[PDB]
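Next up: the same protein chain in two forms, each one alone, written as structure tokens (structure 1, then structure 2).
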Structure 1
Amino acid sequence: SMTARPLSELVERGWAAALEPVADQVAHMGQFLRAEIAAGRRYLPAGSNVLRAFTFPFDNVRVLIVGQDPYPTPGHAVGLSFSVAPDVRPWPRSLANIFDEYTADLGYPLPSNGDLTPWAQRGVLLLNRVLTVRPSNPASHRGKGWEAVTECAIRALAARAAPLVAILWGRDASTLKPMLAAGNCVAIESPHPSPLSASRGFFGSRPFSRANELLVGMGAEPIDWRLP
């Protein structure tokens, strides 16, 4: 629980140091969530998964994907942006759109399932700008305190002595672009892959191949995007 336990227990060691400026804020978010349950409102994903993106090593990140907030349907959000458990079917519509673009850009077949853990295990941070949502109500936790947390995460990645490519999907993710100005960092941005915005420029955006051409240009290893 993020109210009760310190960052050294909740997240990977690198991340716990990266997030030290927002340690109090993370504990405040735990109190927010406790107050939501006390009031009779729910949240997603499960408490133990809220900070899951920060359980993969900070030092290993090469690409950041940033979306808006977690899936609104109970059983979808797992604490990694856009990912679902490997037994979820049908896929959420945003994920089906992502995979559409993944096949169009990379030429790979459609993935077997919606589990994006291989990307997280290969240096892709699967972040959302806001880390919780009320069921059925997208953007319901906007402006409740998560933005400081994910701003801190980006600033800290950007400051590392390492290349970084950010893929910013949608309007709320785009508000991280000012914190990527330094020469070691580059941001791709597009409309969000949700059906409400995908046709405004998500489809055709080629984010996966472009991120790899940016990494290679900076002297970093490209991501192996291929899902099973």
Structure 2
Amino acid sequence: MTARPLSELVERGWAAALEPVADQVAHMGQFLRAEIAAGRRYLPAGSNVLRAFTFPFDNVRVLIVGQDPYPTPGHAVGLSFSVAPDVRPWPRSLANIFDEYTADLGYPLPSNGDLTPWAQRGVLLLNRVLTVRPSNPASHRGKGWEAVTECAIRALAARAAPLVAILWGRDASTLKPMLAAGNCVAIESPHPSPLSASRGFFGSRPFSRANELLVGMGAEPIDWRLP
């Protein structure tokens, strides 16, 4: 977060949708300042923390949920699982996601790990916790992000609009009630995560299944093709 008001930090739709957690967003901005004061660091970069909320709220057709950002410096860029275009090699999680991408859609291996194009086409790459202390996985659990991303997810589900949800950070029995009060929400089950690999993730066909569900709900499919 930051010191600007919600309308200045995130896209119009998202400002309105996250209105009820305006204060909590302000608190997280104050939390991040006080971490720098305490001599601790955070990822991703301040300007990337709410990056997922900078693509139109009205356009989101798919939700992909993760838990925490990458704990390794230079990985986390504020879209779940994405890395900056010059990051090589990819993290294990993204390498696994991309194996499934090639198996499911038949496309070639992406040129890099930048998932911006998915975010542009209305895939919301949301982590439940939007910051982490570097080299310390899950270090910002319970610091207040959970209420923000919960409000994000409940607001997304309350739209009169199609939504498909892919859960890649487990937490099914937490997330599934937030998505159940929606009208046109289909949840991909079961819920392997990228590191489940050959014990459930590979062959889960998340991308093709999302398009079949979208088309069944009267919506356009996602063009998953990365450069």
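Shifts are known only where both forms have a C-alpha. For residue numbers, the reference is structure 1: its sequence is counted from 1. In this text, rigid core is short for the largest set of C-alphas that superpose within 1.5 Å between two forms.
Here the two forms are overlaid on the core, and between structures 1 and 2 the C-alpha of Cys185 is the only one among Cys185, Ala53, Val26, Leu33 to shift by 2 Å or more. Taking 2 Å as the criterion, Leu164 does not count as shifted between structures 1 and 2: its C-alpha moves by less than this amount when the rigid core is aligned. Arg42: CA moves less than 2 Å between structures 1 and 2 after rigid-core fitting.
The two forms, fitted on the rigid core, differ between structures 1 and 2 by 2 Å or more at the CA of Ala173. In this core superposition, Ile223 moves its Cα by 0.4 Å between structures 1 and 2. In this core superposition, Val88 moves its Cα by 1.1 Å between structures 1 and 2. When the two forms are overlaid on the core, consecutive residue runs of 3+ whose CA positions all differ by 2 Å or more between structures 1 and 2 map to 170 to 175, 182 to 200.
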